[PDB]
Amino acid sequence: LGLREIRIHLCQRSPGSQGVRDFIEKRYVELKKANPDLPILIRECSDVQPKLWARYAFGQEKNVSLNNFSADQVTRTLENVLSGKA
Amino acid sequence: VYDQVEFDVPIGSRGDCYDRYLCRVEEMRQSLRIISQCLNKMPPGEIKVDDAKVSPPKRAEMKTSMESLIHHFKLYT
Amino acid sequence: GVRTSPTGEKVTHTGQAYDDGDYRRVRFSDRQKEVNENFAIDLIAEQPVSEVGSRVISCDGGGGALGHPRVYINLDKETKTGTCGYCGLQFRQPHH
Amino acid sequence: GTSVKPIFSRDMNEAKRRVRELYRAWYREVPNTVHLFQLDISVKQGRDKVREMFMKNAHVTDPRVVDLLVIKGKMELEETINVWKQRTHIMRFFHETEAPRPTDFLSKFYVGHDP
Amino acid sequence: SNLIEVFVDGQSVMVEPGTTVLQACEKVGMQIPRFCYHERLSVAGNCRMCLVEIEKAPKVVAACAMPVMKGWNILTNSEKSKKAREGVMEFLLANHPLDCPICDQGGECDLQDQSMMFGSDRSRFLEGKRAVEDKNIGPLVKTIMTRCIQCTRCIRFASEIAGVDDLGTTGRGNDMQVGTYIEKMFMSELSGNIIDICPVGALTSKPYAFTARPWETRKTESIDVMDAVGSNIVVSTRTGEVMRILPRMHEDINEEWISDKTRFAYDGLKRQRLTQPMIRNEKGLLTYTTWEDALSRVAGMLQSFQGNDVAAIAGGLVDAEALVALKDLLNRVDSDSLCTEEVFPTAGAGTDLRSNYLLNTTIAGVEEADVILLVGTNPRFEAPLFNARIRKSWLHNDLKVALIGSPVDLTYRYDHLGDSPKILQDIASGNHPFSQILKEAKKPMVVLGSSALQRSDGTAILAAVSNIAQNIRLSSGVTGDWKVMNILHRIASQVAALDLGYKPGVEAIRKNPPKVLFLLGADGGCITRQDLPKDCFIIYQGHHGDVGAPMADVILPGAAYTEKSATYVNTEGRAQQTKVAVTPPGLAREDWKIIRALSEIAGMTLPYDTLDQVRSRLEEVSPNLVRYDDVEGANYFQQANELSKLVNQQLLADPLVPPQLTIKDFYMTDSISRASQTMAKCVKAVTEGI
Amino acid sequence: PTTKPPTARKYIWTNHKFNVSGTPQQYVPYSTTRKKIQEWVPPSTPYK
Amino acid sequence: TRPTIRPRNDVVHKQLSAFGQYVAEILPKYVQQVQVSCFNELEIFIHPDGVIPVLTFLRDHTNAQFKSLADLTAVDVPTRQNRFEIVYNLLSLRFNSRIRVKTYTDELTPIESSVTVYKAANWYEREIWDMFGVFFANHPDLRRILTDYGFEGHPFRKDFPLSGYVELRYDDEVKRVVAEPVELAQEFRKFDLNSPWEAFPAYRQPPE
Amino acid sequence: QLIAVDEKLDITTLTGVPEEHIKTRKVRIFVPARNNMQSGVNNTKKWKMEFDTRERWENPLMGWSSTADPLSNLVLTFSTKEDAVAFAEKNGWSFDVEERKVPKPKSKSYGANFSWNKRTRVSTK
Ligand code: SF4
Ligand code: SF4
Ligand code: FES
Ligand SMILES: [Mg+2]
Ligand SMILES: [Zn+2]
């Protein structure tokens with residue numbers, strides 16, 4: 001229930017990652033200034049698919065696919081994870 | 001050098017054990033003949049090919065000259 | 001130059017000797033440990049240094065073809081003796 | 001097409017038929033092997049061992065591989081029937097002097113480095 | 001385009017102008033015999049072994065130095081070429097000593113092999129041989145100069161690659177000798193490489209002498225962990241023992257060379273090793289125990305506590321697999337106090353963006369820059385091969401180098417702006433001439449050393465360097481993808497730990513002192529028992545007895561980098577893997593296996609059971625850790641720079657002083673090199689000549 | 001050897017030994033090299 | 001050039017080349033290649049399907065009369081898609097000549113048995129089956145010849161280890177010989193011997 | 001006629017290899033690195049397949065080096081990477097492939113040793 005880290009795996013030039021890329025290019029910084037003590041690790045995937053990882057207390061974590069999402073979709077799912085839902 | 005020696009080839013006619021035994025005894029006699037010829041015609045000279053990339057050099061040369069030591073080392077390793 | 005160890009085991013010229021806690025020592029019970037008594041380091045140290053009147057000397061170990069490959073040794077360093085890499089014999093130039 | 005030629009069987013059905021014939025022959029032979037070699041095992045143990053060997057190669061899906069396995073099994077049966085094998089050869093299937101090795105991670109970690 | 005057509009034995013080849021005969025021959029797979037030519041050194045042309053006949057020409061040419069011409073037909077196997085080779089080999093062997101049985105070069109000698117392949121099989125030399133006196137150039141390179149063939153490879157390497165002009169030739173004619181003409185040690189961070197370049201047994205390794213033959217050795221290709229360069233190496237082992245370390249060619253990283261520590265620190269692994277688990281007895285003394293007992297004690301202590309009460313510190317030689325295993329294990333306890341000894345600023349972007357803590361230009365990119373700014377670093381000793389690349393660029397591309405910090409000797413001429421950090425702001429405000437110089441630089445580089453980030457004002461220094469890179473990007477525009485910003489690391493484990501989410505620095509431990517502390521090869525002495533509460537449980541896992549082991553309650557013997565297949569990430573960001581050369585001694589085990597066994601003992605069993613499953617977990621956490629030669633990545637300099645300008649902490653009025661000011665501080669830096677007797681000999685030799 | 005004596009050397013045995021197998025003096029093989037890996041010795045003083 | 005170098009014979013080279021052309025002309029359905037080595041040995045590379053016809057021709061042809069099978073063995077080259085190379089050496093007493101016939105197979109492709117042509121083949125094929133695992137169809141009695149009873153694997157394959165996988169000893173608890181995984185007190189020591197310099201320019205391969 | 005099998009080649013059941021030395025082994029497919037002590041390149045032409053290193057221990061009686069794995073000396077030669085990959089796949093071994101490392105072409109100029117204004121001029125010969 002207690003979020004500890006966020007991991008975003010986005011591919012460098014795959015089309016399906018484009019929206020995710022856009023998000024990092026536009027609205028990552030604001031998020032970082034909203035949660036200045038929260039690890040948001042941005043890493044690169046191989047040719048498979050985008051992914052978002054959310055880790056919680058005591059080692060529990062789950063992942064949500066960000067394939068073909070736009071920037072609005074990734075913002076929506078991210079603020080869904082940061083809030084006490086889903 | 002088997003083209004330079006004279007000997008006969010024993011031949012059987014029955015194809016049985018006895019003929020093969022006779023052939024082997026006669027081949028021993030022919031071997032004595034060939035050995036006599038080889039003893040009389042042994043020539044002088046070296047006993048391995050004079051090519052140090054194949055045959056090892058003599059010990060005296062191996063302890064004297066650089067190329068001989070190199071070739072001895074490489075041929076034995 | 002064979003010396004003994006605290007357990008009494010003889011020390012080889014390579015310096016090998018079992019420790020007190022080592023169980024392998026049991027292999028020498030009722031038997032003996034084979035040790036060669038002629039330490040080559042001391043024997044070659046016993047040989048006198050040859051003095052020659054040339055900057056370069058040659059060594060083949062003695063006996064001609066029954067020795068080692070013939071090598072040439074430089075004797076320019078005054079405060080050192082030239083040593084054969086095969087035999088261990090030492091050569092120098094007359095000094096003082 | 002992949003253009004491959006057969007050994008004996010055209011597809012997996014004929015291969016399975018040959019497997020069943022070989023299994024029948026081995027099952028029939030087991031009691032004679034127990035009697036002739038003077039084995040201390042039971043007939044049930046021998047038939048279970050026979051069953052175990054067949055199960056090991058159960059996964060194979062290629063008819064040529066199955067054909068070769070059946071050929072090897074027939075060769076082994078011929079060796080056994082003619083008493084070309086000795087008692088040691090028959091008992092080698094049972095690994096009676098090999099100490100058991102645990103498959104758990106902790107047991108392997110304790111004993112050594114091998115995975 | 002401009003390609004010209006030549007012929008090798010009648011076979012047509014298209015080559016660029018300026019290509020030599022040897023390179024044209026190489027294109028069709030024909031290797032010309034050589035002794036003095038090295039493709040990474042200046043052309044000499046003195047050995048004369050490369051003579052080849054050009055069709056319709058009466059004089060043979062030196063293939064290594066002669067450019068090809070249009071329509072030339074190179075005859076590599078003609079009578080003239082073979083006779084030239086035989087004559088040159090005869091001249092080379094006339095005065096060579098009969099030393100092969102006692103020469104360490106035997107079995108891997110270019111002289112021996114080329115005599116076998118291109119020379120005669122016998123001698124007609126009926127005179128006496130020359131003998132020259134030996135030279136002393138230090139405790140690393142053994143010298144027997146009667147074997148010298150005067151190819152001058154060592155001199156050219158020393159002048160060109162190492163920047164040291166101590167080597168030369170004295171006399172002339174048959175009496176010409178290679179040396180220093182005075183008693184002087186050729187002491188350099190790259191000196192040992194002259195053993196490799198020397199084609200004969202004239203120069204050899206002193207620690208390696210008389211121990212092995214090349215045909216005996218088994219070769220394992222792996223990676224070096226003595227710094228963050230990630231040099232590719234070959235490990236030579238015989239009958240379960242590590243015999244020596246050799247360079248392995250990687251054009252992008254080290255490309256033929258290794259540093260002296262990388263080459264001679266293998267000696268340390270043979271002593272002060274942890275071989276068995278240890279606990280504390282009734283008298284507070286460390287006593288050998290079984291794996292079960294130590295693991296049970298650690299598991300009970302770990303089940304006792306939870307959260308902030310558990311912490312871990314990762315040392316400088318830890319691999320990615322063990323790091324992720326320990327992170328998962330401490331996460332199961334709901335602990336997030338996973339730290340490294342090396343400090344990186346955490347404000348702003350921090351570790352969120354990879355480019356914030358990487359050498360983004362990459363090691364190869366140094367060959368394309370025209371200006372490089374060095375800030376608070378000593379690249380010569382922190383990253384010797386990176387400094388070698390800088391010198392290569394300085395020599396061949398007329399690269400301009402400027403340094404901010406103490407005036408160290410870098411083996412090339414550089415401009416010294418100063419040592420105060422205020423200069424950074426002066427370059428960030430545009431009130432410095434070097435700001436103008438950077439403005440007109442179309443391929444500029446700024447490199448900030450990790451050792452300069454260890455002071456309290458490291459965050460402000462990073463912010464100032466980011467401001468300089470910002471002004472470069474703004475004034476000069478965007479040059480495509482050049483990645484001006486750069487961070488130079490010195491610890492092999494730092495980049496992987498940052499990738500996995502470890503907290504850089506040890507401050508979190510100081511702020512919340514734990515009751516259970518894990519020391520994963522941590523030997524920097526950053527935290528002692530004074531910084532921790534009494535009766536604190538300390539666990540050390542490693543391979544050497546050093547700073548960390550005597551203070552621990554339980555000792556868990558691990559494997560060294562030569563004893564496992566493990567992942568290490570470059571200061572570039574490139575992930576590479578080592579291979580097993582020998583197995584861990586005694587009862588020591590693979591580190592991730594130790595952590596997994598402990599997790600199973602403690603009740604929180606980790607999912608992975610094999611190495612492949614641990615690497616799958618690594619891919620889950622950070623997918624770049626399983627791409628084993630990739631170095632390309634995205635650049636997020638804009639976001640990191642924007643996040644770096646909201647904290648305005650101030651600089652300190654203290655000069656930037658690198659931790660290693662001279663060569664003596666180079667040899668012993670980590671646990672393995674501190675246990676090495678060869679490094680101790682090097683320290684004694686550099687502190688006093690004698 | 002009475003008319004053709006062998007060359008004298010200071011290291012040649014002065015007393016021949018026959019085959020000693022099956023006796024206490026028999027040869028026993030052993031490794032002639034020293035220890036390869038040196039272990040860490042913990043300190044003898046308490047740590048707290 | 002004279003004393004140490006082996007002399008060459010050109011009459012035999014010409015005759016062998018002519019006979020190779022003759023055989024290739026008569027049997028275009030199976031002959032893929034013909035070669036004459038420079039020490040005067042003639043080889044014919046054929047498709048596997050022609051094992052029986054070609055051999056029969058060579059055995060019974062009036063101008064060939066290769067009525068003796070000197071040797072039959074296999075060579076394993078793992079880099080080839082068809083792993084195994086089958087080699088027949090034939091001798092003609094009428095014309096005092098020798099010929100070599102080569103074909104190929106893989107692990108799963110049978111080769112027709114040539115026992116109907118040469119009786120001597122009977123054991124040779126068995127050996128090939130034992131050492132390499134190549135199956136021969138229509139063999140009168142195909143089984144192991146060289147290895148121990150129940151031996152697993154084919155030891156002459158390149159990927160088979162030199163010391164194998166099992167070793168034998170006598171066990172007193174079961175009072176019999178038993179087999180166990182191999183353990184060696186001294187591991188066999190691999191030597192890396194090849195020189196890094198090319199020896200024979202006449203055999204240099206194109207750089208691809 | 002033909003039967004047209006549509007499976008993947010798999011000969012592990014016929015090679016006689018024990019199961020442990022099939023599933024737990026990792027093979028490496030690579031072009032060997034040139035020995036840095038010599039300039040010859042003739043040993044960097046072919047592909048090599050080798051097995052992962054296992055434990056070696058000292059023999060108690062003579063101190064010799066003892067092993068328990070039978071594949072410690074097995075090294076295979078291949079013309080191409082694809083051939084080695086196919087062999088490893090059909091033998092059931094899991095493998096790691098390393099791309100061939102080729103030295104990049106270099107621009108050599110003997111005249112540059114004596115440049116009028118560049119740093120490439122040599123101070124000694
Ligand atoms: S350098 Fe080479 S040729 Fe000279 S002695 Fe040593 S091994 Fe022999
Ligand atoms: S010491 Fe070695 S590298 Fe230097 S000139 Fe002599 S042979 Fe060449
Ligand atoms: S290699 Fe060309 S002269 Fe030496
Ligand atoms: Mg050398
Ligand atoms: Zn001597």
# chains A, B, ... in the order shown; residues from 1 in each chain; ligands from 1

$ residues_near_ligand --ligand "ligand 4" --cutoff "9 Å" --atoms "only C-alpha atoms and all ligand atoms" --output "PyMOL selection string"
(chain E and resi 104-105+109+194-205) or (chain H and resi 37-38)

$ write_last_selection --atoms "N, CA and C atoms" --output "tab-separated table (two decimals), in the first residue's frame"
chain	number	residue	atom	x	y	z
E	104	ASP	N	61.62	-16.47	-21.00
E	104	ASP	CA	60.18	-16.54	-20.77
E	104	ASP	C	59.38	-16.34	-22.05
E	105	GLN	N	59.96	-15.71	-23.07
E	105	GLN	CA	59.26	-15.51	-24.33
E	105	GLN	C	59.02	-16.81	-25.09
E	109	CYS	N	56.95	-16.40	-29.02
E	109	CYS	CA	57.95	-15.47	-29.50
E	109	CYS	C	57.74	-15.19	-30.98
E	194	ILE	N	54.87	-2.25	-22.18
E	194	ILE	CA	56.05	-2.45	-23.02
E	194	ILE	C	56.50	-3.90	-22.98
E	195	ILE	N	56.05	-4.69	-22.00
E	195	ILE	CA	56.30	-6.12	-22.05
E	195	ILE	C	55.56	-6.74	-23.23
E	196	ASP	N	54.31	-6.32	-23.45
E	196	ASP	CA	53.52	-6.91	-24.53
E	196	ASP	C	54.04	-6.51	-25.90
E	197	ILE	N	54.40	-5.23	-26.07
E	197	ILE	CA	54.81	-4.75	-27.38
E	197	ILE	C	56.18	-5.28	-27.76
E	198	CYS	N	57.03	-5.59	-26.78
E	198	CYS	CA	58.36	-6.08	-27.09
E	198	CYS	C	58.24	-7.45	-27.75
E	199	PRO	N	58.73	-7.63	-28.97
E	199	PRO	CA	58.51	-8.89	-29.68
E	199	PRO	C	59.36	-10.05	-29.17
E	200	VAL	N	60.35	-9.79	-28.32
E	200	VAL	CA	61.27	-10.82	-27.86
E	200	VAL	C	61.33	-10.81	-26.34
E	201	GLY	N	62.20	-11.63	-25.77
E	201	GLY	CA	62.33	-11.75	-24.34
E	201	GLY	C	63.22	-10.70	-23.71
E	202	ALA	N	63.51	-9.63	-24.46
E	202	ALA	CA	64.32	-8.54	-23.91
E	202	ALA	C	63.62	-7.88	-22.73
E	203	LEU	N	62.31	-7.65	-22.85
E	203	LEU	CA	61.50	-7.11	-21.77
E	203	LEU	C	60.47	-8.16	-21.38
E	204	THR	N	60.42	-8.48	-20.08
E	204	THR	CA	59.49	-9.49	-19.60
E	204	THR	C	58.86	-9.02	-18.30
E	205	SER	N	57.84	-9.75	-17.86
E	205	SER	CA	57.22	-9.48	-16.57
E	205	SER	C	58.03	-10.11	-15.45
H	37	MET	N	50.84	-11.06	-26.72
H	37	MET	CA	52.29	-11.15	-26.75
H	37	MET	C	52.85	-11.28	-28.17
H	38	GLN	N	52.01	-11.53	-29.17
H	38	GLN	CA	52.47	-11.72	-30.53
H	38	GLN	C	51.60	-10.92	-31.49

$ residues_near_ligand --ligand "ligand 1" --cutoff "10 Å" --atoms "only C-alpha atoms and all ligand atoms" --output "ChimeraX atom specification"
/B:66-67,69-70,73-74 /E:92-93,96-115,144,146-149,198-204

$ write_last_selection --atoms "N, CA, C and O atoms" --output "short mmCIF file (atom, residue, chain, number, x, y, z; two decimals), in the first residue's frame"
data_model
loop_
_atom_site.label_atom_id
_atom_site.label_comp_id
_atom_site.auth_asym_id
_atom_site.auth_seq_id
_atom_site.Cartn_x
_atom_site.Cartn_y
_atom_site.Cartn_z
N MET B 66 71.97 -20.52 -33.29
CA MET B 66 70.67 -19.97 -32.89
C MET B 66 69.52 -20.65 -33.61
O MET B 66 68.52 -21.03 -32.99
N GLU B 67 69.63 -20.81 -34.93
CA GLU B 67 68.55 -21.42 -35.71
C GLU B 67 68.30 -22.85 -35.27
O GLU B 67 67.14 -23.29 -35.19
N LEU B 69 68.79 -24.18 -32.28
CA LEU B 69 68.09 -24.18 -31.01
C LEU B 69 66.62 -23.80 -31.18
O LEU B 69 65.74 -24.41 -30.57
N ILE B 70 66.34 -22.80 -32.03
CA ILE B 70 64.96 -22.40 -32.27
C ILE B 70 64.16 -23.56 -32.86
O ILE B 70 63.04 -23.86 -32.42
N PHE B 73 63.56 -26.33 -30.25
CA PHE B 73 62.50 -25.89 -29.35
C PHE B 73 61.13 -26.07 -29.99
O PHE B 73 60.22 -26.65 -29.39
N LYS B 74 60.97 -25.58 -31.22
CA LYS B 74 59.65 -25.58 -31.85
C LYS B 74 59.22 -26.99 -32.25
O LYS B 74 58.03 -27.32 -32.18
N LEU E 92 69.20 -10.93 -38.11
CA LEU E 92 68.60 -10.81 -36.78
C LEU E 92 69.13 -11.88 -35.84
O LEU E 92 69.33 -11.62 -34.65
N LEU E 93 69.34 -13.09 -36.34
CA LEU E 93 69.75 -14.20 -35.49
C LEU E 93 71.25 -14.33 -35.32
O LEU E 93 71.69 -15.14 -34.50
N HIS E 96 71.88 -12.98 -31.79
CA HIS E 96 70.89 -13.31 -30.78
C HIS E 96 71.40 -14.42 -29.87
O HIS E 96 72.02 -15.37 -30.34
N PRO E 97 71.16 -14.32 -28.56
CA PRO E 97 71.64 -15.35 -27.64
C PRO E 97 70.82 -16.62 -27.67
O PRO E 97 69.60 -16.61 -27.87
N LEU E 98 71.50 -17.75 -27.44
CA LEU E 98 70.87 -19.06 -27.38
C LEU E 98 70.20 -19.24 -26.02
O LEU E 98 70.66 -19.98 -25.14
N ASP E 99 69.08 -18.54 -25.85
CA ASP E 99 68.43 -18.41 -24.55
C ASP E 99 67.04 -19.02 -24.48
O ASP E 99 66.41 -18.92 -23.43
N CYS E 100 66.56 -19.65 -25.55
CA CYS E 100 65.16 -20.09 -25.59
C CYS E 100 64.74 -20.96 -24.42
O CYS E 100 63.65 -20.72 -23.87
N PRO E 101 65.50 -21.97 -23.98
CA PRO E 101 65.07 -22.76 -22.81
C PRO E 101 64.95 -21.96 -21.52
O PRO E 101 64.17 -22.35 -20.65
N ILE E 102 65.70 -20.86 -21.36
CA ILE E 102 65.62 -20.06 -20.14
C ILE E 102 64.89 -18.74 -20.36
O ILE E 102 64.73 -17.97 -19.41
N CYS E 103 64.43 -18.47 -21.58
CA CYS E 103 63.74 -17.23 -21.91
C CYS E 103 62.24 -17.41 -21.72
O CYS E 103 61.65 -18.38 -22.20
N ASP E 104 61.62 -16.47 -21.00
CA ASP E 104 60.18 -16.54 -20.77
C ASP E 104 59.38 -16.34 -22.05
O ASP E 104 58.22 -16.76 -22.10
N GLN E 105 59.96 -15.71 -23.07
CA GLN E 105 59.26 -15.51 -24.33
C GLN E 105 59.02 -16.81 -25.09
O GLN E 105 58.13 -16.86 -25.94
N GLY E 106 59.79 -17.86 -24.79
CA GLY E 106 59.71 -19.11 -25.53
C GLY E 106 58.33 -19.73 -25.58
O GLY E 106 57.69 -19.93 -24.55
N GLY E 107 57.87 -20.04 -26.79
CA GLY E 107 56.54 -20.55 -27.02
C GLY E 107 55.56 -19.52 -27.53
O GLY E 107 54.58 -19.88 -28.19
N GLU E 108 55.79 -18.24 -27.24
CA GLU E 108 55.00 -17.14 -27.78
C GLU E 108 55.92 -16.03 -28.27
O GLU E 108 55.71 -14.85 -27.98
N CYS E 109 56.95 -16.40 -29.02
CA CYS E 109 57.95 -15.47 -29.50
C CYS E 109 57.74 -15.19 -30.98
O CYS E 109 57.67 -16.13 -31.79
N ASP E 110 57.66 -13.91 -31.34
CA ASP E 110 57.56 -13.55 -32.75
C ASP E 110 58.85 -13.87 -33.49
O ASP E 110 58.82 -14.27 -34.66
N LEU E 111 60.00 -13.71 -32.83
CA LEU E 111 61.27 -14.07 -33.45
C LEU E 111 61.30 -15.56 -33.78
O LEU E 111 61.61 -15.94 -34.92
N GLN E 112 60.97 -16.41 -32.81
CA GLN E 112 60.95 -17.85 -33.03
C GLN E 112 59.99 -18.23 -34.16
O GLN E 112 60.35 -18.98 -35.08
N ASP E 113 58.77 -17.70 -34.11
CA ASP E 113 57.74 -18.11 -35.06
C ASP E 113 58.05 -17.63 -36.47
O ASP E 113 57.86 -18.37 -37.44
N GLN E 114 58.55 -16.41 -36.60
CA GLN E 114 58.87 -15.91 -37.93
C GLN E 114 60.16 -16.52 -38.47
O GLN E 114 60.32 -16.62 -39.68
N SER E 115 61.07 -16.94 -37.59
CA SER E 115 62.20 -17.75 -38.05
C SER E 115 61.73 -19.10 -38.57
O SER E 115 62.23 -19.59 -39.59
N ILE E 144 66.56 -8.04 -20.02
CA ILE E 144 67.71 -8.81 -20.49
C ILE E 144 68.01 -8.34 -21.91
O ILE E 144 67.43 -8.85 -22.87
N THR E 146 70.54 -8.45 -24.00
CA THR E 146 71.23 -9.22 -25.03
C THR E 146 70.24 -9.78 -26.04
O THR E 146 70.59 -10.01 -27.20
N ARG E 147 68.98 -9.97 -25.63
CA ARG E 147 67.92 -10.44 -26.52
C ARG E 147 67.31 -9.32 -27.36
O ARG E 147 66.50 -9.61 -28.24
N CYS E 148 67.67 -8.06 -27.11
CA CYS E 148 67.10 -6.95 -27.85
C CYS E 148 67.47 -7.01 -29.33
O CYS E 148 68.60 -7.35 -29.69
N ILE E 149 66.51 -6.68 -30.19
CA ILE E 149 66.73 -6.62 -31.63
C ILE E 149 66.59 -5.21 -32.16
O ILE E 149 66.55 -5.01 -33.38
N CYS E 198 57.03 -5.59 -26.78
CA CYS E 198 58.36 -6.08 -27.09
C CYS E 198 58.24 -7.45 -27.75
O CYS E 198 57.69 -8.37 -27.14
N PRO E 199 58.73 -7.63 -28.97
CA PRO E 199 58.51 -8.89 -29.68
C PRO E 199 59.36 -10.05 -29.17
O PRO E 199 59.09 -11.20 -29.54
N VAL E 200 60.35 -9.79 -28.32
CA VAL E 200 61.27 -10.82 -27.86
C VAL E 200 61.33 -10.81 -26.34
O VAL E 200 60.60 -10.06 -25.68
N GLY E 201 62.20 -11.63 -25.77
CA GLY E 201 62.33 -11.75 -24.34
C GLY E 201 63.22 -10.70 -23.71
O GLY E 201 63.65 -10.85 -22.56
N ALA E 202 63.51 -9.63 -24.46
CA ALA E 202 64.32 -8.54 -23.91
C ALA E 202 63.62 -7.88 -22.73
O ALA E 202 64.25 -7.57 -21.72
N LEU E 203 62.31 -7.65 -22.85
CA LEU E 203 61.50 -7.11 -21.77
C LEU E 203 60.47 -8.16 -21.38
O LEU E 203 59.75 -8.68 -22.23
N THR E 204 60.42 -8.48 -20.08
CA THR E 204 59.49 -9.49 -19.60
C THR E 204 58.86 -9.02 -18.30
O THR E 204 59.27 -8.02 -17.71
#

$ residues_around --residues "residue 53 (chain A)" --least-positions-apart "2" --cutoff "7 Å" --atoms "only C-alpha atoms" --output "list in words"
residues 6, 7, 8, 51, 55, 62, 63 and 64 of chain A

$ residues_around --residues "residue 67 (chain C)" --least-positions-apart "2" --cutoff "12 Å" --atoms "only C-alpha atoms" --output "list in words"
residues 59, 60, 62, 63 and 64 of chain B; 59, 60, 61, 62, 63, 64, 65, 69, 70, 71, 86 and 87 of chain C

$ write_last_selection --atoms "N, CA, C and O atoms" --output "tab-separated table (two decimals), in the first residue's frame"
chain	number	residue	atom	x	y	z
B	59	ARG	N	72.47	-32.64	-31.63
B	59	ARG	CA	72.62	-31.99	-30.33
B	59	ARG	C	73.74	-30.96	-30.34
B	59	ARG	O	73.60	-29.88	-29.75
B	60	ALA	N	74.85	-31.26	-31.01
B	60	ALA	CA	75.97	-30.32	-31.05
B	60	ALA	C	75.58	-29.02	-31.74
B	60	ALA	O	75.96	-27.94	-31.29
B	62	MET	N	72.46	-27.90	-31.98
B	62	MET	CA	71.43	-27.27	-31.16
B	62	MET	C	72.04	-26.45	-30.02
B	62	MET	O	71.46	-25.43	-29.61
B	63	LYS	N	73.20	-26.85	-29.52
B	63	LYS	CA	73.89	-26.13	-28.46
B	63	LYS	C	74.89	-25.11	-28.98
B	63	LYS	O	75.61	-24.51	-28.17
B	64	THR	N	74.97	-24.91	-30.29
B	64	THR	CA	75.94	-24.00	-30.89
B	64	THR	C	75.32	-22.86	-31.67
B	64	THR	O	75.77	-21.72	-31.55
C	59	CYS	N	80.40	-19.22	-22.08
C	59	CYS	CA	80.20	-20.37	-21.20
C	59	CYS	C	79.34	-21.41	-21.92
C	59	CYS	O	78.33	-21.06	-22.54
C	60	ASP	N	79.75	-22.67	-21.82
C	60	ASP	CA	78.95	-23.78	-22.33
C	60	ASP	C	78.75	-24.88	-21.29
C	60	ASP	O	78.21	-25.94	-21.64
C	61	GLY	N	79.15	-24.67	-20.04
C	61	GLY	CA	78.92	-25.61	-18.97
C	61	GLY	C	79.97	-26.69	-18.83
C	61	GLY	O	79.87	-27.50	-17.90
C	62	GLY	N	80.96	-26.74	-19.71
C	62	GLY	CA	81.99	-27.75	-19.62
C	62	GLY	C	81.63	-29.01	-20.38
C	62	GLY	O	80.47	-29.36	-20.56
C	63	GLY	N	82.67	-29.70	-20.85
C	63	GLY	CA	82.47	-30.93	-21.59
C	63	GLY	C	82.03	-30.77	-23.02
C	63	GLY	O	81.66	-31.76	-23.66
C	64	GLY	N	82.03	-29.54	-23.56
C	64	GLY	CA	81.67	-29.31	-24.94
C	64	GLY	C	80.21	-29.59	-25.25
C	64	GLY	O	79.32	-28.91	-24.73
C	65	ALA	N	79.96	-30.58	-26.10
C	65	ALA	CA	78.60	-30.96	-26.47
C	65	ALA	C	77.84	-31.63	-25.34
C	65	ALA	O	76.63	-31.85	-25.47
C	69	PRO	N	73.74	-25.11	-24.00
C	69	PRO	CA	73.97	-24.21	-25.13
C	69	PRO	C	74.92	-23.08	-24.76
C	69	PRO	O	74.86	-22.53	-23.66
C	70	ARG	N	75.80	-22.74	-25.69
C	70	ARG	CA	76.87	-21.79	-25.43
C	70	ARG	C	76.31	-20.37	-25.44
C	70	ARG	O	75.63	-19.97	-26.39
C	71	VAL	N	76.58	-19.62	-24.37
C	71	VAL	CA	76.07	-18.26	-24.23
C	71	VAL	C	77.22	-17.32	-23.89
C	71	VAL	O	78.26	-17.73	-23.37
C	86	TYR	N	72.50	-20.78	-17.36
C	86	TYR	CA	72.34	-22.23	-17.32
C	86	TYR	C	73.08	-22.87	-16.16
C	86	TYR	O	72.49	-23.64	-15.40
C	87	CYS	N	74.36	-22.55	-16.01
C	87	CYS	CA	75.26	-23.25	-15.10
C	87	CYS	C	75.29	-22.64	-13.70
C	87	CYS	O	75.37	-23.38	-12.72
